[PDB]
């Protein structure tokens, strides 16, 4: 079986989606209408240097992921399962028919605005340590304001919380054997308790939207299991202040018999994670 994997924040780059805008000119124009600016120009030229600011990154990723999906739908056999990383979950739900293209765009426009307005905290990506070793290090070094934001592969974990704690933890994490400890160039501590105010506001916004049953199964970042229609709205606000359970989601798909994992969107970030998950699981 086959799964499509939709990338999120950090995977964007100038030049993303270039051939897709001319292949889907109506949807491109309709995105411009929702957003109030040219999505082609943002992705191709990045003239205001804002492709790395999440209020803009999120719509960019959603559009490129959506058009990438529509191209695969025209050209290849359908996927058996869908999963997306954080922002990518909205791409997955669009692919599953939970909402249409413009509705998803409106959701991610708001998501990006709320997350972009958040103040407080930072994040670090860690390579070479497993979840339990990361938790042990947080406890042993008294970092009480740091959460696990992403569980990406058995050796790749992203932590999120108080800026000072994120800074001072580099030394003990490297001493423990972290191959790399990278403070992310991000505006706030995403997927942590620092997002609780944004979660509440996003939940209130989501009250005004309905979510149709998925036509292709979508694996939730919150549960690492298939979404159910009645729980989608609530999980979408929960997700922003909860860990992204990506490694477990891919392992669940492997256990269902998925052997082909295809990234749908720009770049190879999720492809790299898949390679690390596969090696460990086999």
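For the two forms, the rigid core is made up of the largest set of C-alpha atoms that agree within 1.5 Å on superposition. Positions refer to the first chain, counted from 1.
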Seminar exercise, completed: In terms of RMS C-alpha distance in 4 other deposited structures of this protein following rigid core superposition, 229 to 237 and 65 to 73 differ, and the farther one is 229 to 237
Exercise. Between 183 to 191 and 75 to 83, where do the CA atoms move more in 4 other deposited structures of this protein, taking the root mean square over the structures and residues after a core fit?
Worked result: 183 to 191
Problem set entry | Between 84 to 92 and 119 to 127 (mean CA B-factor, as deposited), the higher | 119 to 127
For this session: Look over 193 to 201 and 105 to 113 in the entry and identify the one with the greater average Cα temperature factor.
Result: 193 to 201
Problem set entry | Of the residues 182, 141, 160, 156, the one carrying the largest Cα B-factor as recorded | 182
Exercise. From 35, 70, 250, 216, which pick has the Cα B-factor that tops the rest in the entry?
Worked result: 35
Exercise. Comparing residue 5 with the other modelled residues of its chain, is its CA B-factor in the lowest, middle or highest third?
Worked result: lowest
Problem set entry | Among modelled residues of the same chain, the CA temperature factor third for residue 172 | lowest
Seminar exercise, completed: For residue 262, the third of its chain by CA B-factor is the middle
Problem set entry | residue 240 CA temperature factor, ranked by third within the chain | middle
Exercise. What third of its chain, lowest, middle or highest, does the C-alpha temperature factor of residue 59 fall into?
Worked result: lowest
